[PDB]
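K.L.:
Structure file start18.cif (mmCIF, N, CA and C atoms and all ligand atoms) is given on the next line.
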data_start
loop_
_atom_site.label_atom_id
_atom_site.label_comp_id
_atom_site.auth_asym_id
_atom_site.auth_seq_id
_atom_site.Cartn_x
_atom_site.Cartn_y
_atom_site.Cartn_z
N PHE H 1 -16.38 1.60 -3.51
CA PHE H 1 -15.67 0.72 -4.44
C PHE H 1 -15.22 -0.58 -3.75
N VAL H 2 -15.86 -1.73 -3.95
CA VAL H 2 -15.35 -2.96 -3.35
C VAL H 2 -13.94 -3.30 -3.84
N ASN H 3 -13.70 -3.13 -5.15
CA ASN H 3 -12.37 -3.54 -5.70
C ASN H 3 -11.28 -2.69 -5.07
N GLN H 4 -11.58 -1.44 -4.73
CA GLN H 4 -10.61 -0.61 -3.98
C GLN H 4 -10.42 -1.17 -2.56
N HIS H 5 -11.51 -1.63 -1.95
CA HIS H 5 -11.40 -2.21 -0.59
C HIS H 5 -10.52 -3.45 -0.65
N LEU H 6 -10.73 -4.27 -1.67
CA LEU H 6 -9.94 -5.49 -1.88
C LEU H 6 -8.45 -5.15 -2.10
N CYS H 7 -8.19 -4.17 -2.98
CA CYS H 7 -6.78 -3.76 -3.22
C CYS H 7 -6.09 -3.33 -1.93
N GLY H 8 -6.75 -2.57 -1.06
CA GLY H 8 -6.14 -1.98 0.14
C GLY H 8 -5.71 -3.12 1.08
N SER H 9 -6.49 -4.18 1.13
CA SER H 9 -6.18 -5.31 2.02
C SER H 9 -4.83 -5.87 1.60
N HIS H 10 -4.62 -6.04 0.29
CA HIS H 10 -3.34 -6.54 -0.24
C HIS H 10 -2.18 -5.55 -0.09
N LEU H 11 -2.47 -4.25 -0.16
CA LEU H 11 -1.46 -3.23 0.07
C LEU H 11 -0.95 -3.28 1.53
N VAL H 12 -1.89 -3.43 2.47
CA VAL H 12 -1.43 -3.44 3.88
C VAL H 12 -0.58 -4.69 4.16
N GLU H 13 -0.90 -5.83 3.58
CA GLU H 13 -0.03 -6.96 3.85
C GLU H 13 1.34 -6.82 3.17
N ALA H 14 1.43 -6.20 1.97
CA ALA H 14 2.70 -5.90 1.34
C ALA H 14 3.51 -4.87 2.15
N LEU H 15 2.88 -3.84 2.69
CA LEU H 15 3.57 -2.86 3.53
C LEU H 15 4.15 -3.54 4.79
N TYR H 16 3.33 -4.44 5.33
CA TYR H 16 3.83 -5.14 6.51
C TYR H 16 5.12 -5.87 6.24
N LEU H 17 5.21 -6.60 5.14
CA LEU H 17 6.45 -7.29 4.77
C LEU H 17 7.59 -6.35 4.39
N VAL H 18 7.30 -5.39 3.52
CA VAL H 18 8.36 -4.49 3.04
C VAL H 18 8.99 -3.68 4.18
N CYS H 19 8.17 -3.19 5.10
CA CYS H 19 8.64 -2.17 6.02
C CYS H 19 9.32 -2.76 7.26
N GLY H 20 9.05 -4.01 7.50
CA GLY H 20 9.71 -4.68 8.65
C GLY H 20 9.55 -3.88 9.94
N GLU H 21 10.74 -3.78 10.68
CA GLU H 21 10.67 -3.16 11.99
C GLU H 21 10.27 -1.71 11.94
N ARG H 22 10.40 -1.05 10.78
CA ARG H 22 9.97 0.35 10.75
C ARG H 22 8.45 0.50 10.90
N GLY H 23 7.67 -0.50 10.49
CA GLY H 23 6.23 -0.32 10.47
C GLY H 23 5.93 0.60 9.25
N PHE H 24 4.63 0.93 9.14
CA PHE H 24 4.16 1.77 8.04
C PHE H 24 2.94 2.58 8.45
N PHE H 25 2.46 3.32 7.43
CA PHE H 25 1.21 4.05 7.61
C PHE H 25 0.32 3.74 6.41
N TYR H 26 -0.94 3.49 6.72
CA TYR H 26 -1.97 3.22 5.74
C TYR H 26 -3.01 4.34 5.91
N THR H 27 -2.98 5.20 4.89
CA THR H 27 -3.86 6.37 4.83
C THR H 27 -4.66 6.33 3.54
N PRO H 28 -5.88 5.86 3.57
CA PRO H 28 -6.78 5.95 2.44
C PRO H 28 -7.07 7.40 2.11
N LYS H 29 -7.91 8.00 2.96
CA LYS H 29 -7.61 9.41 3.00
C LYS H 29 -6.87 9.79 4.30
N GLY D 1 -1.94 9.58 -2.67
CA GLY D 1 -1.64 8.59 -1.58
C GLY D 1 -1.56 7.17 -2.16
N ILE D 2 -1.26 6.21 -1.28
CA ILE D 2 -0.94 4.87 -1.79
C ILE D 2 -2.06 4.25 -2.60
N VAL D 3 -3.33 4.59 -2.32
CA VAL D 3 -4.38 3.91 -3.14
C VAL D 3 -4.35 4.42 -4.59
N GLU D 4 -4.16 5.73 -4.73
CA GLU D 4 -4.11 6.26 -6.11
C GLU D 4 -2.86 5.74 -6.82
N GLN D 5 -1.72 5.66 -6.13
CA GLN D 5 -0.51 5.25 -6.83
C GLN D 5 -0.45 3.73 -7.05
N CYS D 6 -0.90 2.89 -6.12
CA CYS D 6 -0.61 1.46 -6.14
C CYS D 6 -1.86 0.61 -6.40
N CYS D 7 -3.04 1.22 -6.54
CA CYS D 7 -4.19 0.37 -6.95
C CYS D 7 -4.49 0.62 -8.44
N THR D 8 -3.88 1.71 -8.96
CA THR D 8 -4.20 1.95 -10.40
C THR D 8 -3.09 1.38 -11.26
N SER D 9 -1.94 1.09 -10.66
CA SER D 9 -0.75 0.55 -11.28
C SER D 9 -0.02 -0.39 -10.33
N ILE D 10 0.68 -1.43 -10.74
CA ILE D 10 1.37 -2.26 -9.73
C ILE D 10 2.62 -1.54 -9.20
N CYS D 11 2.73 -1.40 -7.88
CA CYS D 11 3.89 -0.80 -7.25
C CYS D 11 4.97 -1.85 -6.94
N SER D 12 6.20 -1.52 -7.32
CA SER D 12 7.33 -2.38 -6.96
C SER D 12 7.54 -2.33 -5.45
N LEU D 13 8.37 -3.24 -4.94
CA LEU D 13 8.71 -3.16 -3.51
C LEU D 13 9.41 -1.86 -3.17
N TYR D 14 10.22 -1.32 -4.12
CA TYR D 14 10.88 -0.05 -3.87
C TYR D 14 9.87 1.10 -3.74
N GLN D 15 8.79 1.07 -4.54
CA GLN D 15 7.75 2.08 -4.46
C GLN D 15 6.93 1.93 -3.18
N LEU D 16 6.74 0.66 -2.75
CA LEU D 16 5.94 0.41 -1.55
C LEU D 16 6.70 0.98 -0.33
N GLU D 17 8.02 0.97 -0.44
CA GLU D 17 8.84 1.49 0.68
C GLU D 17 8.63 2.98 0.95
N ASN D 18 7.96 3.66 0.01
CA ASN D 18 7.59 5.07 0.28
C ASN D 18 6.60 5.29 1.42
N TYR D 19 5.84 4.27 1.79
CA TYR D 19 4.81 4.33 2.81
C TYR D 19 5.26 3.70 4.12
N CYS D 20 6.57 3.43 4.24
CA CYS D 20 7.07 2.92 5.52
C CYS D 20 7.22 4.10 6.49
N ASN D 21 7.27 3.84 7.78
CA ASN D 21 7.64 4.86 8.76
C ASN D 21 9.16 5.08 8.75
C1 LIG G 101 -9.89 6.57 -1.59
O1 LIG G 101 -11.11 6.82 -2.18
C2 LIG G 101 -8.82 6.44 -2.67
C3 LIG G 101 -8.56 7.76 -3.39
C4 LIG G 101 -8.34 7.57 -4.89
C5 LIG G 101 -9.34 6.59 -5.52
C6 LIG G 101 -8.68 5.56 -6.43
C7 LIG G 101 -9.38 4.20 -6.39
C8 LIG G 101 -8.78 3.20 -7.38
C9 LIG G 101 -8.85 1.76 -6.88
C10 LIG G 101 -8.78 0.73 -8.01
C11 LIG G 101 -8.76 -0.71 -7.50
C12 LIG G 101 -8.51 -1.73 -8.61
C13 LIG G 101 -7.81 -2.99 -8.11
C14 LIG G 101 -7.91 -4.16 -9.09
CL CL G 102 -8.65 -9.50 -4.39
ZN ZN G 103 -7.74 -10.41 -2.64
#
Give the structure from this file in structure tokens form.

P.N.:
Amino acid sequence: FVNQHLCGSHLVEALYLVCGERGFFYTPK
Amino acid sequence: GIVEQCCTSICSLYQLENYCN
């Protein structure tokens, strides 16, 4: 799914901002 | 996981905070 690949890119940049010093985890599966 | 919850619907910043460490 390209549109899923595109969405994930935007999710990781939002997680980066939201989570700040805590960091985050990006698990597709 | 986050793709099922936040790519099928827009997640608020509060919902996105669920995937923080
Ligand atoms: C890994 O395959 C994800 C598991 C669930 C699949 C849901 C995919 C939905 C993505 C929709 C993107 C639409 C963005 C405009
Ligand atoms: Cl896009
Ligand atoms: Zn994009």

K.L.:
So, with all atoms listed in the file as the atoms that count, which of H:20, H:3, H:13, H:25 lies closest to chain D?

P.N.:
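Using all atoms listed in the file, chain D sits closest to H:25.
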
K.L.:
Could you list, as a PyMOL selection string, every residue within 10 Å of residue 21 (chain D), counting only C-alpha atoms and ignoring same-chain residues fewer than 4 positions away?

P.N.:
(chain H and resi 19-25) or (chain D and resi 17)

K.L.:
For the residues selected in the previous step, produce a file with N, CA and C atoms as a PDB file, in the frame of the given file.

P.N.:
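Below you can see part.pdb, which holds the result:
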ATOM      1  N   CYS H  19       8.170  -3.190   5.100  1.00  0.00           N
ATOM      2  CA  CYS H  19       8.640  -2.170   6.020  1.00  0.00           C
ATOM      3  C   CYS H  19       9.320  -2.760   7.260  1.00  0.00           C
ATOM      4  N   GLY H  20       9.050  -4.010   7.500  1.00  0.00           N
ATOM      5  CA  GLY H  20       9.710  -4.680   8.650  1.00  0.00           C
ATOM      6  C   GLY H  20       9.550  -3.880   9.940  1.00  0.00           C
ATOM      7  N   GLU H  21      10.740  -3.780  10.680  1.00  0.00           N
ATOM      8  CA  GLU H  21      10.670  -3.160  11.990  1.00  0.00           C
ATOM      9  C   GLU H  21      10.270  -1.710  11.940  1.00  0.00           C
ATOM     10  N   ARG H  22      10.400  -1.050  10.780  1.00  0.00           N
ATOM     11  CA  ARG H  22       9.970   0.350  10.750  1.00  0.00           C
ATOM     12  C   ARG H  22       8.450   0.500  10.900  1.00  0.00           C
ATOM     13  N   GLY H  23       7.670  -0.500  10.490  1.00  0.00           N
ATOM     14  CA  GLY H  23       6.230  -0.320  10.470  1.00  0.00           C
ATOM     15  C   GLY H  23       5.930   0.600   9.250  1.00  0.00           C
ATOM     16  N   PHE H  24       4.630   0.930   9.140  1.00  0.00           N
ATOM     17  CA  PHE H  24       4.160   1.770   8.040  1.00  0.00           C
ATOM     18  C   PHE H  24       2.940   2.580   8.450  1.00  0.00           C
ATOM     19  N   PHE H  25       2.460   3.320   7.430  1.00  0.00           N
ATOM     20  CA  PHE H  25       1.210   4.050   7.610  1.00  0.00           C
ATOM     21  C   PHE H  25       0.320   3.740   6.410  1.00  0.00           C
TER      22      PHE H  25
ATOM     23  N   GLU D  17       8.020   0.970  -0.440  1.00  0.00           N
ATOM     24  CA  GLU D  17       8.840   1.490   0.680  1.00  0.00           C
ATOM     25  C   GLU D  17       8.630   2.980   0.950  1.00  0.00           C
TER      26      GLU D  17
END

K.L.:
To one decimal in Å, tell me the separation between atom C9 of ligand LIG 101 (chain G) and CA of residue 11 (chain D).

P.N.:
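Distance reported for this atom pair: 13.0 Å.
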
K.L.:
For chain D against chain H, which residues fall within 6.5 Å using all atoms listed in the file, given as a PyMOL selection string?

P.N.:
chain D and resi 1-3+7+16-17+19-21

K.L.:
Give me, as a VMD selection string, the residues of chain H that a backbone DSSP run labels helix (DSSP H, G or I).

P.N.:
chain H and resid 2 to 22

K.L.:
Taking N, CA and C atoms for each residue, export the selection above as a PDB file, in the coordinates of the input.

P.N.:
ATOM      1  N   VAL H   2     -15.860  -1.730  -3.950  1.00  0.00           N
ATOM      2  CA  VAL H   2     -15.350  -2.960  -3.350  1.00  0.00           C
ATOM      3  C   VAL H   2     -13.940  -3.300  -3.840  1.00  0.00           C
ATOM      4  N   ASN H   3     -13.700  -3.130  -5.150  1.00  0.00           N
ATOM      5  CA  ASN H   3     -12.370  -3.540  -5.700  1.00  0.00           C
ATOM      6  C   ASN H   3     -11.280  -2.690  -5.070  1.00  0.00           C
ATOM      7  N   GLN H   4     -11.580  -1.440  -4.730  1.00  0.00           N
ATOM      8  CA  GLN H   4     -10.610  -0.610  -3.980  1.00  0.00           C
ATOM      9  C   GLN H   4     -10.420  -1.170  -2.560  1.00  0.00           C
ATOM     10  N   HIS H   5     -11.510  -1.630  -1.950  1.00  0.00           N
ATOM     11  CA  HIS H   5     -11.400  -2.210  -0.590  1.00  0.00           C
ATOM     12  C   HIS H   5     -10.520  -3.450  -0.650  1.00  0.00           C
ATOM     13  N   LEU H   6     -10.730  -4.270  -1.670  1.00  0.00           N
ATOM     14  CA  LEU H   6      -9.940  -5.490  -1.880  1.00  0.00           C
ATOM     15  C   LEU H   6      -8.450  -5.150  -2.100  1.00  0.00           C
ATOM     16  N   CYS H   7      -8.190  -4.170  -2.980  1.00  0.00           N
ATOM     17  CA  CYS H   7      -6.780  -3.760  -3.220  1.00  0.00           C
ATOM     18  C   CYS H   7      -6.090  -3.330  -1.930  1.00  0.00           C
ATOM     19  N   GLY H   8      -6.750  -2.570  -1.060  1.00  0.00           N
ATOM     20  CA  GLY H   8      -6.140  -1.980   0.140  1.00  0.00           C
ATOM     21  C   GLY H   8      -5.710  -3.120   1.080  1.00  0.00           C
ATOM     22  N   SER H   9      -6.490  -4.180   1.130  1.00  0.00           N
ATOM     23  CA  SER H   9      -6.180  -5.310   2.020  1.00  0.00           C
ATOM     24  C   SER H   9      -4.830  -5.870   1.600  1.00  0.00           C
ATOM     25  N   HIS H  10      -4.620  -6.040   0.290  1.00  0.00           N
ATOM     26  CA  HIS H  10      -3.340  -6.540  -0.240  1.00  0.00           C
ATOM     27  C   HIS H  10      -2.180  -5.550  -0.090  1.00  0.00           C
ATOM     28  N   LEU H  11      -2.470  -4.250  -0.160  1.00  0.00           N
ATOM     29  CA  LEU H  11      -1.460  -3.230   0.070  1.00  0.00           C
ATOM     30  C   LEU H  11      -0.950  -3.280   1.530  1.00  0.00           C
ATOM     31  N   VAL H  12      -1.890  -3.430   2.470  1.00  0.00           N
ATOM     32  CA  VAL H  12      -1.430  -3.440   3.880  1.00  0.00           C
ATOM     33  C   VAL H  12      -0.580  -4.690   4.160  1.00  0.00           C
ATOM     34  N   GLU H  13      -0.900  -5.830   3.580  1.00  0.00           N
ATOM     35  CA  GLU H  13      -0.030  -6.960   3.850  1.00  0.00           C
ATOM     36  C   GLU H  13       1.340  -6.820   3.170  1.00  0.00           C
ATOM     37  N   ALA H  14       1.430  -6.200   1.970  1.00  0.00           N
ATOM     38  CA  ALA H  14       2.700  -5.900   1.340  1.00  0.00           C
ATOM     39  C   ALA H  14       3.510  -4.870   2.150  1.00  0.00           C
ATOM     40  N   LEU H  15       2.880  -3.840   2.690  1.00  0.00           N
ATOM     41  CA  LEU H  15       3.570  -2.860   3.530  1.00  0.00           C
ATOM     42  C   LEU H  15       4.150  -3.540   4.790  1.00  0.00           C
ATOM     43  N   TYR H  16       3.330  -4.440   5.330  1.00  0.00           N
ATOM     44  CA  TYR H  16       3.830  -5.140   6.510  1.00  0.00           C
ATOM     45  C   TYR H  16       5.120  -5.870   6.240  1.00  0.00           C
ATOM     46  N   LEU H  17       5.210  -6.600   5.140  1.00  0.00           N
ATOM     47  CA  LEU H  17       6.450  -7.290   4.770  1.00  0.00           C
ATOM     48  C   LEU H  17       7.590  -6.350   4.390  1.00  0.00           C
ATOM     49  N   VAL H  18       7.300  -5.390   3.520  1.00  0.00           N
ATOM     50  CA  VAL H  18       8.360  -4.490   3.040  1.00  0.00           C
ATOM     51  C   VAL H  18       8.990  -3.680   4.180  1.00  0.00           C
ATOM     52  N   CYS H  19       8.170  -3.190   5.100  1.00  0.00           N
ATOM     53  CA  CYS H  19       8.640  -2.170   6.020  1.00  0.00           C
ATOM     54  C   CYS H  19       9.320  -2.760   7.260  1.00  0.00           C
ATOM     55  N   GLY H  20       9.050  -4.010   7.500  1.00  0.00           N
ATOM     56  CA  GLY H  20       9.710  -4.680   8.650  1.00  0.00           C
ATOM     57  C   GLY H  20       9.550  -3.880   9.940  1.00  0.00           C
ATOM     58  N   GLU H  21      10.740  -3.780  10.680  1.00  0.00           N
ATOM     59  CA  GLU H  21      10.670  -3.160  11.990  1.00  0.00           C
ATOM     60  C   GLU H  21      10.270  -1.710  11.940  1.00  0.00           C
ATOM     61  N   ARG H  22      10.400  -1.050  10.780  1.00  0.00           N
ATOM     62  CA  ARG H  22       9.970   0.350  10.750  1.00  0.00           C
ATOM     63  C   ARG H  22       8.450   0.500  10.900  1.00  0.00           C
TER      64      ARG H  22
END

K.L.:
Take atom N of residue 12 (chain D) and atom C13 of ligand LIG 101 (chain G) and report the distance between them in Å, one decimal.

P.N.:
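These atoms are spaced 14.1 Å apart.
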
K.L.:
Enter the distance from atom N of residue 9 (chain D) to atom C1 of ligand LIG 101 (chain G), in Å, rounded to one decimal.

P.N.:
13.2 Å
